[PDB]
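>>> coords please:
(4 chains, ligands or ions: 4)
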Protein chains: 4
Amino acid sequence: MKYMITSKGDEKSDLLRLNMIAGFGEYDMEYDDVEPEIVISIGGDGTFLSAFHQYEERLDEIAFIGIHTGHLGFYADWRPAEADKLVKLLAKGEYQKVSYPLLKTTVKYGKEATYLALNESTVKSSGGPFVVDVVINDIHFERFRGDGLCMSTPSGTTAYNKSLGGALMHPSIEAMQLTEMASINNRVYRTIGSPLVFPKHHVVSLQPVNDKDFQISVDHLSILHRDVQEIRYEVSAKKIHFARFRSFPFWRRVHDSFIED
Amino acid sequence: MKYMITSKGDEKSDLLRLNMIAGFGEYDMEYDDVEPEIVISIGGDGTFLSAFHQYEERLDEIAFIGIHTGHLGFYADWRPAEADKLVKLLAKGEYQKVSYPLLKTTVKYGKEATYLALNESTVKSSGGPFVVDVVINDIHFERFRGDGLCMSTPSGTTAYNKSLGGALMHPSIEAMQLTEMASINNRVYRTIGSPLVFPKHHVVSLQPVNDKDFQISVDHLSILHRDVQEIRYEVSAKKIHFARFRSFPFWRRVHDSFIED
Amino acid sequence: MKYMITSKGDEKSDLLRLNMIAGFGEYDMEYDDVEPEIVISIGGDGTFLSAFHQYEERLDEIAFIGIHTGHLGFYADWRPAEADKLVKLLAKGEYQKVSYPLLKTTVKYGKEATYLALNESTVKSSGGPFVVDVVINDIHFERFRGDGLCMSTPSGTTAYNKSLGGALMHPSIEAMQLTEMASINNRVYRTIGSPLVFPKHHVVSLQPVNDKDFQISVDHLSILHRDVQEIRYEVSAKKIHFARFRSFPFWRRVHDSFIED
Amino acid sequence: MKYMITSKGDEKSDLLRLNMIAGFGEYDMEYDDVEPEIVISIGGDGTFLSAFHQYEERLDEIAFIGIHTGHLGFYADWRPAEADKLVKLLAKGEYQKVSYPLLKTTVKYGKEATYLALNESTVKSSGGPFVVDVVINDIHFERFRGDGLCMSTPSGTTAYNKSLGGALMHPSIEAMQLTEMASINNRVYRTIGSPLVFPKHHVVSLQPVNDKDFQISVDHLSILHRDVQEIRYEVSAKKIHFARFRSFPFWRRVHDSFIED
Ligand SMILES: Nc1ncnc2c1nc(Br)n2CCCCBr
Ligand SMILES: Nc1ncnc2c1nc(Br)n2CCCCBr
Ligand SMILES: Nc1ncnc2c1nc(Br)n2CCCCBr
Ligand SMILES: Nc1ncnc2c1nc(Br)n2CCCCBr
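Numbers count the residues shown, from 1 in each chain, chains lettered A, B, ... in the order given. Ligands and ions are numbered 1, 2, ... in the order given. Let me share the structure:
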């Protein structure tokens, strides 16, 4: 089986990578970073995001797995002391897989650009104010005036979505959640305020009102897009597959990351 | 087909009820409040809650429908001017049905009591403080100290769940959402703070820490339960069936109820 | 100088009290609980609240001081190991005093009752819903429909006021803060939502709309008042005087109580 | 008495300006934009901010007044129909003045820059993450990791400060309020979360942790500052003086702007 390993780049993560490579060398496993089948991230959830985004074209062929060299992450949720136990059961195979839904983000121009997000996708204003019309299934819902909006995946609800008052939902719920950023609500302007959770096949469209330029963000990426006609949010048809070798529940992961561990 | 009609009790709702009854009299429809098949609520969502709770034993045999004599409700979402058009297509039949998930609430004693909620179920403290341990799938999640907790259905997220900062989710998502009420978070006490959305078959259990008495609430009902051993929350296996005769989306209903109409 | 000591009642707080009494016995200090001049609370902020409320008629004659036998409190903010150092400088005198503003709460009937609050005063509903009209300086401000309201002192902003999203203000600011409890905001009902901070001489009046019965709360007290005509909130003309023997800033106290210590 | 008038620039605001100028021409009033004594803003609160900032060197010599050609503003709080009545009582004089506190913002480099804010001052991150240490009266309070912070004046609490969950305080309270922007709070990172209200002479200092570049904002201004050593917040010694010719309470202004009018 083909495999590759991504490291954060510091001292402990590079040394743990060369130890797993030497450990994989004692099995029929080829190190291939072009067309792998198991992608291992050593470092943190940020190191996991980069590993996901550089192989997002082969998502239905990869089983991801995360190793945190620092504090517990939600994707890098396996301690470095479990690496030598990890390489064996990965080499034998016969493991199980769990899948998390993804978020498709479409941007139209006066061309079209499609992105895939594991955590969330963000839209801010480029300098001046931020005003957009929110369309839900071709039905105008609200005129949002604030700092920006955030559409997050279920697994991304623990990330920047949480800091915006959003709710935490289990990654088995194939849905997406929209949150607001310092919305202006007065006697003339009105926003819903509450976060919105949309099921599959529900299309949330953002449409400009004046400025056609927005700082559009996808996970770690953040690019200023010019002359935007509409931004289209919906649950992606593609999923990310995790290699399941143990029982680490999602509410378990939330407990250790925010309550204490 | 058997039918019955519930009225709020005021002047306009009782007169609209006797007009539909006389309208149903021109078809093969029997007024039966014991074992109906179509239950019509005239008044508001509160009038709808009472109609749902007095027929919750026959939920898989009833198709509900709501008529609001006041402002737009989320279950009573049909104007009184559409009553004479409503009685016809209900009498002919051949309509469609939509189903919303429900919330089962189990209470154990040192006996057992099971309830069904359309909006939300609430747990408060009886006089003194409120302290409970939160268990998610037999895993202790947090020690909550505050005013209380609220577990709401998807359709109930627009109700009291919204006032507690909770998120609004589409009623097609078979799930439940837990929110907090003025939780105490200091350097020693710690709550998650964010709302939690649980999928089906996920059991959220509340367990006492000192006082075994709590003001347990289910929709409009609110009863003080004594010597409670645990409170068990989970998505109910039963659904509520609505008679669908027109296209009134859920995000449509949210727009007219909180943005403007 | 006359003095008295209040204890929480457990083992360590009663033993620390008898040690200070024996320590005070080596000076010209009389133990007098009728007309004291120094009131010492051993236990926590709750033990401090009881000591304040049983001597609220002599507030301009008492210098309070708090000793926490448990975690750091905001009024009981002196460790038990500093008791033997505390009794000396209190016996000699020549210390300094700091004063915190208080909250006067007036309730009218169809009689009148006036209370004094150190933390906050709370108004809830007795069974049914909670609807009141909010009057600010004889000007109607809003029709509040929710669970209740909370008017807190500056020193009380770290208490239940904090759990309701309210702001923390330094106790030198002679003011009061109003917060909301799960307010209903739709297309017809509208509340301000944000907390409100009122200066001195500003009178906030609550007026019923249907039910004239409310669960009125003052610090630990919580009494159901019948046939209430209006509730009147304003900054009290009386202050609580603390015995200052060391430098423990307020933002210091907030840091150790919510960040870490 | 010397005077000048600022207009938003559109059709109705320029025509109302030339009518007041012709109205002032019937009195002993000289139009002087260099060293005025009465500054009139025609348009909105944004038009008022520009008028305040271009005369902030002569704040103790100017009495400001605002005329809103659109919806009710908090500084432009006088309808255009009251202009001809406004010019007379301003020409006669013998009016009264009210003063609102201001916010001094100091920025040090490895030089120094001092700004004055009428609404709020904002600190964001330049590209990457935002991490600062919060110092209150030379005491480290917290390590803030989020989108940014906002320190607002009392009159500015109704502006961007309100959108961040902050409290609304009366402009007679000489203080300042700090709010957070999507703070990250986990098991290792910890922020206070609640807004903080600081009295006069209280110095809140922000200190970098990695990036020394921040998008610093003062009212409408927003400038990227390089190699910042610390940002210093405190209540300014200077006040802004309003020309009081009528009774328009602050809670009055809040009611008409957020409840309804
Ligand atoms: N879903 C997430 N939950 C919690 N923390 C997250 C998440 N995504 C990212 Br990126 N982080 C921070 C990465 C840690 C530094 Br390598
Ligand atoms: N899910 C709900 N969304 C909105 N309003 C609601 C809901 N449930 C109830 Br009860 N109300 C108030 C009933 C109106 C007075 Br008849
Ligand atoms: N202002 C307050 N800040 C923080 N905690 C408080 C406050 N008032 C009270 Br009561 N508590 C709890 C008392 C501890 C158990 Br003896
Ligand atoms: N303190 C403030 N309260 C409310 N609205 C405000 C405030 N400051 C400004 Br700028 N705006 C918007 C200006 C309107 C467009 Br000319």
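
>>> Residue numbers of chain A in contact with chain B?
Applying CB under 8 Å from any CB of the partner chain, we find that chain A lies next to chain B at A:136-137, A:139-142, A:162, A:165-170, A:172-173, A:175, A:177, A:190, A:192, A:194-199, A:202, A:249, A:251-252, A:254-255, A:258-260. Just so you know, the C-beta spots here come from the backbone N, C-alpha and C atoms, and that holds for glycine as well.

>>> how does it look with 7 Å?
Applying CB under 7 Å from any CB of the partner chain, we find that chain A lies next to chain B at A:136-137, A:139, A:141-142, A:162, A:165-170, A:172-173, A:175, A:177, A:190, A:192, A:194-199, A:202, A:249, A:251-252, A:255, A:258-260.

>>> Please pick the buried ones from those residues.
Buried by 16 or more other CB atoms under 10 Å in any protein chain shown: A:136, A:141-142, A:162, A:165-170, A:172-173, A:175, A:177, A:190, A:192, A:194-199, A:202, A:251-252, A:255, A:258-259, out of those.

>>> Of these, which belong to helices?
Using DSSP state H, the subset of these located in helices is A:162, A:251-252.

>>> so residue A:171 makes contact with residue A:158?
No: the criterion here is CB atoms under 7 Å, and residue A:171 misses it with residue A:158 at 9.6 Å.

>>> Distance-wise, check the residue nearest to residue A:250 when sequence neighbours are not counted relative to residue A:72.
Excluding its sequence neighbours, the residue lying closest to residue A:250 (CB to CB, 6 or more residues apart in numbering or on different chains) is residue A:170, at 5.4 Å. Note on residue A:170: its distance to residue A:72, by CB to CB, to the nearest Å, is 18 Å.

>>> Using CSV, write out every CA atom in stretch A:207-227.
Provided in CSV are the C-alpha atoms of stretch A:207-227 (Å, rounded to 0.1, in the frame of the first residue of the first chain):
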residue,chain,number,x,y,z
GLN,A,207,-24.8,38.4,-3.3
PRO,A,208,-23.0,41.8,-3.3
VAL,A,209,-24.8,45.1,-2.8
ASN,A,210,-22.0,47.6,-3.6
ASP,A,211,-18.4,46.5,-3.2
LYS,A,212,-17.8,43.4,-5.4
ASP,A,213,-14.5,42.6,-3.6
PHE,A,214,-14.3,40.4,-0.6
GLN,A,215,-11.5,38.7,1.4
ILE,A,216,-12.6,35.1,0.8
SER,A,217,-11.1,32.5,3.1
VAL,A,218,-11.0,28.7,2.9
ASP,A,219,-9.4,27.0,5.9
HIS,A,220,-5.9,28.5,6.2
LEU,A,221,-6.1,30.1,2.7
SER,A,222,-7.3,33.8,2.4
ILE,A,223,-7.4,35.4,-1.0
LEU,A,224,-8.9,38.7,-2.1
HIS,A,225,-11.3,38.0,-5.0
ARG,A,226,-12.2,40.8,-7.4
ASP,A,227,-15.5,41.5,-9.2
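
>>> what helix or strand does the residue lying farthest from the centre of chain A sit in?
Here chain A reaches farthest from its C-alpha mean at residue A:187, the gap being 36.4 Å by CA atoms, centre = their mean. Using DSSP states H and E, residue A:187 falls within no helix or strand.

>>> thought it was touching residue D:260?
Yes: at 5.5 Å, residue A:187 counts as touching residue D:260 under the criterion of CB under 7 Å.

>>> List the residues that contact the closest residue to ligand 2 within the stretch 151-261 of chain A.
Of all residues in the stretch 151-261 of chain A, residue A:194 sits closest to ligand 2, at 11.8 Å by CB to the nearest ligand atom. Applying CB atoms under 7 Å, 6 or more residues apart in numbering or on different chains, we find residue A:194 in contact with B:162, B:166-168.

>>> cool, residue A:64 as well?
Here residue A:64 is in contact with A:39, A:51-52, A:240-243 (CB under 7 Å, 6+ apart).

>>> again, but for residue A:171
Counting by CB under 7 Å, 6+ apart, residue A:171 touches A:100, A:154-155, A:250.

>>> Including secondary structure, could the residues you listed go into JSON lines?
Conversion of those to JSON lines gives the following (DSSP: H, G, I helix; E, B strand; the rest coil):
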{"residue": "A:100", "secondary structure": "strand"}
{"residue": "A:154", "secondary structure": "coil"}
{"residue": "A:155", "secondary structure": "helix"}
{"residue": "A:250", "secondary structure": "helix"}
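
>>> Next, give phi and psi for residue A:235.
Per-residue torsions, residue A:235: phi -70, psi 130 (degrees, to the nearest 10).

>>> Count the neighbours of it for me.
Using other CB atoms under 10 Å in any protein chain shown, residue A:235 is surrounded by 21 other residues.

>>> Tell me how far the closest residue to it other than its chain neighbours lies from ligand 1.
Spatially, and ignoring its direct neighbours in sequence, residue A:235 is nearest to residue A:200 (4.6 Å; CB to CB, 6+ apart). For residue A:200, the distance to ligand 1 (CB to the nearest ligand atom, to the nearest Å) stands at 20 Å.

>>> With residue A:195 instead?
16 Å.

>>> Quickly find the element holding residue A:87.
Using DSSP H and E, the element containing residue A:87 is helix A:83-92.

>>> Just give me how far that helix sits from the chain centre.
Centroid separation between helix A:83-92 and its chain, computed with CA atoms, centre = their mean, to the nearest Å, is 26 Å.

>>> With stretch A:126-146 instead?
For stretch A:126-146, the separation from the chain centroid amounts to 23 Å (computed by CA atoms, centre = their mean).

>>> Which strand or helix spans the closest residue to residue A:82 other than its chain neighbours?
Excluding its sequence neighbours, the residue lying closest to residue A:82 (CB to CB, 6+ apart) is residue A:67, at 7.8 Å. For residue A:67, the element it lies in under DSSP H and E is strand A:63-68.
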